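Enquirer: Residue numbers (full-length UniProt numbering), protein chains in the order written: chain D, 3602 to 3743; chain V, 3038 to 3107; chain U, 3391 to 3460; chain Z, 3108 to 3248; chain E, 3461 to 3531; chain B, 3249 to 3390.
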Amino acid sequence: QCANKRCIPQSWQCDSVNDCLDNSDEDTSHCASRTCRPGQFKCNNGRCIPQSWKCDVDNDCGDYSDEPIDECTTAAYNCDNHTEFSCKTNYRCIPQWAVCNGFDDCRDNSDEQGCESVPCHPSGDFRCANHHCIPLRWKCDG
Amino acid sequence: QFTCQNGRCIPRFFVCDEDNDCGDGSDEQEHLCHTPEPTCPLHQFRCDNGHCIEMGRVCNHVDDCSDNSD
Amino acid sequence: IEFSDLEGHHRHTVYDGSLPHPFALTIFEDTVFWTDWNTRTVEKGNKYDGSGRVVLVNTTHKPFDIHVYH
Amino acid sequence: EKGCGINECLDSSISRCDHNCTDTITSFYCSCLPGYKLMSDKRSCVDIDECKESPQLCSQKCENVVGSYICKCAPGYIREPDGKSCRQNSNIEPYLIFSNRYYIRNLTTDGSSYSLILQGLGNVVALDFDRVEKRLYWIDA
Amino acid sequence: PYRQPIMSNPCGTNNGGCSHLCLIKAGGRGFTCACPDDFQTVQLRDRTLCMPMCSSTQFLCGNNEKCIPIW
Amino acid sequence: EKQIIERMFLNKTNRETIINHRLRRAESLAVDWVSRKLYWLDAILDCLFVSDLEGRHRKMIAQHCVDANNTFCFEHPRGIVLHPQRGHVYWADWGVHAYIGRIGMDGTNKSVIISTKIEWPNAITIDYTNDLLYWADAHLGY
Ligand SMILES: *[C@@H]1O[C@H](CO)[C@@H](O[C@@H]2O[C@H](CO)[C@@H](O[C@@H]3O[C@H](CO[C@H]4O[C@H](CO)[C@@H](O)[C@H](O)[C@@H]4O)[C@@H](O)[C@H](O[C@H]4O[C@H](CO)[C@@H](O)[C@H](O)[C@@H]4O)[C@@H]3O)[C@H](O)[C@H]2NC(C)=O)[C@H](O)[C@H]1NC(C)=O
Ligand SMILES: *[C@@H]1O[C@H](CO)[C@@H](O[C@@H]2O[C@H](CO)[C@@H](O[C@@H]3O[C@H](CO)[C@@H](O)[C@H](O)[C@@H]3O)[C@H](O)[C@H]2NC(C)=O)[C@H](O)[C@H]1NC(C)=O
Ligand SMILES: *[C@@H]1O[C@H](CO)[C@@H](O[C@@H]2O[C@H](CO)[C@@H](O[C@@H]3O[C@H](CO)[C@@H](O)[C@H](O)[C@@H]3O)[C@H](O)[C@H]2NC(C)=O)[C@H](O)[C@H]1NC(C)=O
Ligand SMILES: *[C@@H]1O[C@H](CO)[C@@H](O[C@@H]2O[C@H](CO)[C@@H](O)[C@H](O)[C@H]2NC(C)=O)[C@H](O)[C@H]1NC(C)=O
Ligand SMILES: *[C@@H]1O[C@H](CO)[C@@H](O[C@@H]2O[C@H](CO)[C@@H](O)[C@H](O)[C@H]2NC(C)=O)[C@H](O)[C@H]1NC(C)=O
Ligand SMILES: *[C@@H]1O[C@H](CO)[C@@H](O)[C@H](O)[C@H]1NC(C)=O
Ligand SMILES: *[C@@H]1O[C@H](CO)[C@@H](O)[C@H](O)[C@H]1NC(C)=O
Ligand SMILES: *[C@H]1O[C@H](CO)[C@H](O)[C@H](O)[C@H]1NC(C)=O
Ligand SMILES: [Ca+2]
Ligand SMILES: [Ca+2]
Ligand SMILES: [Ca+2]
Ligand SMILES: [Ca+2]
Ligand SMILES: [Ca+2]
Ligand SMILES: [Ca+2]
Ligand SMILES: [Ca+2]
Ligand SMILES: [Ca+2]
Ligand SMILES: [Ca+2]
Ligand SMILES: [Ca+2]
């Protein structure tokens, strides 16, 4: 809820953009003291982000508050083993299913390299001409 | 240069050197730092640190089995 | 590709069912060169075990006969 | 539970392995030095003809020895320091002459050079050369 | 019928006297009162007291069952 | 497609809508046959709700996060089941920190239950004879 009693999505609060038309969401006093709700990391800028976006490599808070390199470069932020895929250049850990999905997930095209070698599921997959795997429910779907 | 999980290029002189060079301990993970010992698995005897000697060398008064481990 | 003594004894196999369709072959030094109809190729490998297989050229028409001029 | 003291190789006319012997929990078995075969009597050893049995052990002409073999090289080849590979000596380097439909082609044996000897033939299915007169023969089927 | 096994309801026949939600307490050995999404839970010595607190843009029912939006 | 919860006898008669308001994206439900309650989850409000079976007296009984660290949070809650014998609600979540949560049937004593080797836990159930929990994962495929 804002000052003028119009209430907005909690993600837009202190997002550097005036939404409540009274600049209550971008007031420095509130944007400093406020605490991000459970599960979200807080930036020094006052923005709230999901905790999964710390060490995301990409900037989230605008001030690079979400990328402490020293912390992100230790063992404390390793990839989830046997469930996530690690990039080859950056320190990003991406969900494994994002490998070979027709999008640059690792930001250096690591996830989309050597796509011709990954085997599709023996029963529940359809193999594309560009060696992608799609769920069989999407063939002939239109 | 072996590529650490966090993107550090480390020379192969430091892989499994019992020192965390990468900063995350990826270089010294157990995937490369197991180095299994001689199992001596089929059709021979085994004594001490993996001496896969033939069965005739069991307790035959000939100290070949490390420090006479049999 | 098989070779044997001049009396047809002691046969040995170089390639074992790996060849589409050889038609001609020649040996020089330790290398055997053969012409393959199905891939339309000239290619070579070691004359005793077939190691180091290399496709020398992609002919558009069937290569029929081959010889080493030396 | 027969012969459980292992030792059964340790006599002359009994066991009678002519090269070497090893004993199991119960009894002996015979063995030969390298390059000898256990023969079907299970007592005795024989020299293999390594030249006839395994010609791939020599790059060229092979000579049998009792207990081993020696690799020679045919006239015009030099034996490499490794003792197995023979290398052609004449400075005349070889090339592959091969025939296609409409073409006879001259290919160098590493794939680096690829040229044309003749073109506009009907169908060249066979081909051969003559060293003495530097001639070339073929069949236009 | 076995995929919902029969067992004795702890709120049985009374809702434990709670005017609102009689829920099963954790461990499944006793009950516990509660209040709807826009009431204030107030505890007395022996009886829970849930009373409406709905907004200006919400309408409260005459017998205080619930609150509904003004529209 | 209509954002409603209906009910009907099994002889196809007396079809009736019981909930139609303030229900954004209801992901799953289960029926407390014992104290007569309907429990459901929604992915947008990221909450666990409860009602009388007739739709009156709604309440929210879990929100924000599970655990004392906020490591596991309602993000994409999905399958739900009850174990009224022991007064527990179990539910799956397939967010970034995918997990299986548990809470008392009156909103106390919330906990994580499964937090490792779990990516896409769509399904959850209980075998009431063995008292064994079961789930399935759509990514790891187990
Ligand atoms: C393409 O390549 C071909 C073949 O390599 C060349 O043809 C050769 O040309 C040479 C000349 O450059 C020819 O040499 C001459 O051959 C005559 C005939 O010899 C025949 O009979 C003898 C005896 O039985 C055989 O040994 C021989 O093989 C032949 O069957 C000789 O009589 C000639 O000798 C005369 O001239 C020489 C000087 O040149 C004198 O010393 C002699 O006393 C004598 O007067 C001569 O040797 C050779 O025959 C051709 N090849 C063959 C084998 O037939 C083409 O020239 C070449 N083309 C090009 C353009 O390069
Ligand atoms: C397999 O059989 C051979 C032949 O029987 C065994 O070779 C034996 O090896 C020993 C040690 O090398 C030989 O003794 C040595 O002989 C030389 C003279 O040649 C002498 O100068 C040394 O002081 C020493 O005594 C022995 O002569 C030889 N056997 C015979 C009878 O010639 C070999 O050891 C056997 N291997 C196994 C695994 O059983
Ligand atoms: C789902 O499908 C099953 C199987 O087709 C249905 O079971 C059927 O239920 C009806 C109603 O109870 C049964 O008919 C009744 O049978 C009893 C006993 O013979 C009789 O006394 C009644 O007069 C009536 O004929 C039917 O036999 C039964 N069939 C089977 C194979 O079980 C079930 O009703 C279906 N459920 C729904 C919600 O559609
Ligand atoms: C919840 O948070 C605390 C920190 O406040 C965690 O305790 C630390 O855990 C790490 C390993 O995960 C250790 O290296 C630290 O030394 C611990 N610090 C302290 C003060 O104990 C705790 O592990 C977290 N709980 C769970 C279940 O993950
Ligand atoms: C609240 O949750 C905790 C777990 O987070 C429960 O503790 C477990 O309870 C079972 C059954 O009583 C024990 O067998 C386990 O050893 C307990 N584990 C831990 C880590 O506490 C606890 O029982 C729950 N409380 C209620 C009210 O049911
Ligand atoms: C990690 O993943 C590997 C497979 O890449 C697996 O063998 C191993 O058991 C997993 N566990 C850990 C943390 O080593
Ligand atoms: C032969 O053709 C293939 C394509 O079919 C090509 O990739 C290859 O490079 C060719 N061989 C050589 C010697 O270039
Ligand atoms: C932030 O944390 C504080 C406690 O320090 C309060 O719980 C506050 O309510 C939290 N923020 C929000 C958005 O609820
Ligand atoms: Ca804002
Ligand atoms: Ca970031
Ligand atoms: Ca991708
Ligand atoms: Ca499609
Ligand atoms: Ca190291
Ligand atoms: Ca010994
Ligand atoms: Ca010999
Ligand atoms: Ca959500
Ligand atoms: Ca995850
Ligand atoms: Ca899948």
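Cβ atoms here follow ideal geometry from the backbone N, Cα and C, with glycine treated the same way.
Against chain A, with Cβ distances strictly below 8 Å, would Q3042 (chain V) count as a contact?
Expert: The structure shown has no chain A; the protein chains it does contain are D, V, U, Z, E and B.
Enquirer: Is the beta carbon of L3117 (chain Z) within less than 7 Å of some heavy atom of ligand 2?
Expert: No, the beta carbon of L3117 (chain Z) sits no closer than 7 Å to any heavy atom of ligand 2.
Enquirer: Less than 8 Å between CB atoms is the rule here; does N3691 (chain D) satisfy it with respect to chain V?
Expert: Closer than 8 Å to some Cβ of chain V, the Cβ of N3691 (chain D) qualifies, so yes.
Enquirer: Taking only three categories from DSSP, how would you classify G3647 (chain D)?
Expert: Coil, per DSSP.
Enquirer: Quick one: what does DSSP say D3100 (chain V) is sitting in, helix, strand or coil?
Expert: Reduced to three states, the DSSP call for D3100 (chain V) is coil.
Enquirer: Going by Cα to Cα distance, which pick from D:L3622, D:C3688, D:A3699 and D:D3616 is closest to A3633 (chain D)?
Expert: Of D:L3622, D:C3688, D:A3699 and D:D3616, the residue nearest in Cα terms is D:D3616.
Enquirer: Sort out for me which residues DSSP pairs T3431 (chain U) with in a bridge.
Expert: Bridge partners of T3431 (chain U): U:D3426 and U:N3448.
Enquirer: Which bits of chain D does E3275 (chain B) rub up against, with CB to CB less than 8 Å?
Expert: Per Cβ cutoff of 8 Å: no residues; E3275 (chain B) is ~18 Å from chain D at best.
Enquirer: Using three-state DSSP, classify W3698 (chain D) as helix, strand or coil.
Expert: It is helical.
Enquirer: Any beta-carbon of chain V closer than 8 Å to the one on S3687 (chain D)?
Expert: By this cut-off, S3687 (chain D) is an interface position.
Enquirer: Regarding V3658 (chain D) and ligand 11, is the C-beta to nearest heavy atom distance less than 7 Å?
Expert: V3658 (chain D): no, Cβ never under 7 Å from ligand 11.
Enquirer: Note down, one range per segment and in chain order, each beta strand (DSSP E) of at least 3 residues found wholly within the region 3153-3221 of chain Z.
Expert: If we require 3 residues or more, the beta strand (DSSP E) runs fully inside the region 3153-3221 of chain Z come out as 3169-3172, 3175-3178, 3184-3186, 3193-3195, 3202-3207 and 3210-3215.
Enquirer: Could you tell me which whole beta strand (DSSP E) segments of length 3 or greater appear in the region 3613-3671 of chain D?
Expert: List check, beta strand (DSSP E) in window: 3641-3643 and 3649-3651.
Enquirer: Report yes or no: is there a C-beta of chain B within less than 8 Å of the C-beta of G3640 (chain D)?
Expert: Yes, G3640 (chain D) counts as interfacial toward chain B.
Enquirer: Applying the 10 Å Cβ sphere with the 16-neighbour rule, what's the burial state of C3608 (chain D)?
Expert: Answer is exposed; the Cβ neighbour count stays below 16.
Enquirer: Please list, in chain order, all residues of the same chain as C3180 (chain Z) whose beta carbon is under 6 Å from its beta carbon, the five residues on each side excluded.
Expert: Around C3180 (chain Z): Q3167, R3186 and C3193.
Enquirer: What number of angstroms, rounded off, separates the C-alpha of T3473 (chain E) from the C-alpha of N3357 (chain B)?
Expert: Computed Cα separation, rounded: 27 Å.
Enquirer: Using 7 Å as the cut-off, classify the Cβ of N3317 (chain B) as near or not near the heavy atoms of ligand 4, replying yes or no.
Expert: Answer for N3317 (chain B): yes, Cβ within range of ligand 4.
Enquirer: I need the boundaries of the beta strand (DSSP E) containing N3127 (chain Z), first residue and last residue.
Expert: That run of the beta strand (DSSP E) goes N3127 to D3130.
Enquirer: With 8 Å set as the bound, which would you pick, yes or no: does the beta-carbon of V3344 (chain B) sit closer than that to a beta-carbon of chain D?
Expert: It does; some Cβ of chain D falls within 8 Å.
Enquirer: Since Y3438 (chain U) is in the beta strand (DSSP E), which residue starts that stretch and which ends it?
Expert: Here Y3438 (chain U) belongs to no beta strand (DSSP E), and DSSP marks it neither H nor E.
Enquirer: Answer with buried or exposed for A3340 (chain B), where buried requires no fewer than 16 other C-beta atoms within 10 angstroms of its C-beta.
Expert: By the neighbour-count rule (16 or more Cβ atoms within 10 Å), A3340 (chain B) is buried.
Enquirer: Mind listing, in chain order, the residues whose beta carbon lies closer than 7 Å to a non-hydrogen atom of ligand 17?
Expert: That gives D:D3681, D:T3684, D:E3685, D:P3696, B:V3344, B:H3345, B:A3346 and B:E3367.
Enquirer: What residues from chain V crowd round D3118 (chain Z), counting only those whose CB sits closer than 7 Å?
Expert: By Cβ distance, chain V contributes nothing, its closest Cβ being about 16 Å from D3118 (chain Z), past 7 Å.
Enquirer: Could you give the first and the last residue of the continuous beta strand (DSSP E) run that contains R3350 (chain B)?
Expert: Per DSSP, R3350 (chain B) belongs to the beta strand (DSSP E) from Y3347 to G3352.
Enquirer: Closest to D3661 (chain D) by CA distance: which of D:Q3641, D:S3724, D:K3740 and D:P3610 is it?
Expert: When only C-alpha atoms are compared, the closest one is D:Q3641.
Enquirer: One question on the structure: do residue 3286 (chain Z) and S3138 (chain Z) come within less than 8 Å of each other, judged by their Cβ atoms?
Expert: Residue 3286 (chain Z) is absent from the structure shown; chain Z starts at 3108 and stops at 3248.
Enquirer: Among the residues of its own chain, which have a CB less than 6 Å from the CB of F3039 (chain V), if the five just before and after it don't count?
Expert: Excluding residues within five positions, the ones whose Cβ falls inside 6 Å are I3047, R3049 and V3052.
Enquirer: Pull the bridge partners of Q3226 (chain Z) from the DSSP assignment, please.
Expert: For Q3226 (chain Z), which the question treats as bridged, DSSP gives the partners Z:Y3210.
Enquirer: Look at the alpha carbon of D3156 (chain Z) and the alpha carbon of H3402 (chain U), and state the distance between them as a whole number of angstroms.
Expert: In a straight line, the C-alpha of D3156 (chain Z) is about 15 Å away from that of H3402 (chain U).
Enquirer: Within its chain, find whatever has a CB closer than 8 Å to the CB of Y3692 (chain D); leave out the 5 residues flanking it on each side and keep chain order.
Expert: Here the set comprises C3656, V3658, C3673, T3674 and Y3678.
Enquirer: Am I right that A3371 (chain B) and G3303 (chain B) are in contact with their C-beta atoms under 8 Å? What's the rounded C-beta distance?
Expert: Incorrect: roughly 26 Å between the Cβ atoms, too far for contact.
Enquirer: Quick one: what's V3502 (chain E) bridged to in DSSP?
Expert: DSSP lists E:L3509 as partners of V3502 (chain E).
Enquirer: Looking at C-beta atoms only, is the number of pairs between the region 3217-3227 of chain Z and the region 3343-3359 of chain B that lie closer than 8 Å three or more?
Expert: Because the criterion of three Cβ pairs below 8 Å is not met, the region 3217-3227 of chain Z and the region 3343-3359 of chain B do not touch.
Enquirer: Is any beta-carbon of chain B found at less than 8 Å from that of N3469 (chain E)?
Expert: Closer than 8 Å: yes.
Enquirer: Closer than 7 Å from C-beta to any heavy atom of ligand 2: which residues, in chain order?
Expert: Chain-ordered list of matching residues: Z:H3126, Z:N3127 and Z:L3140.
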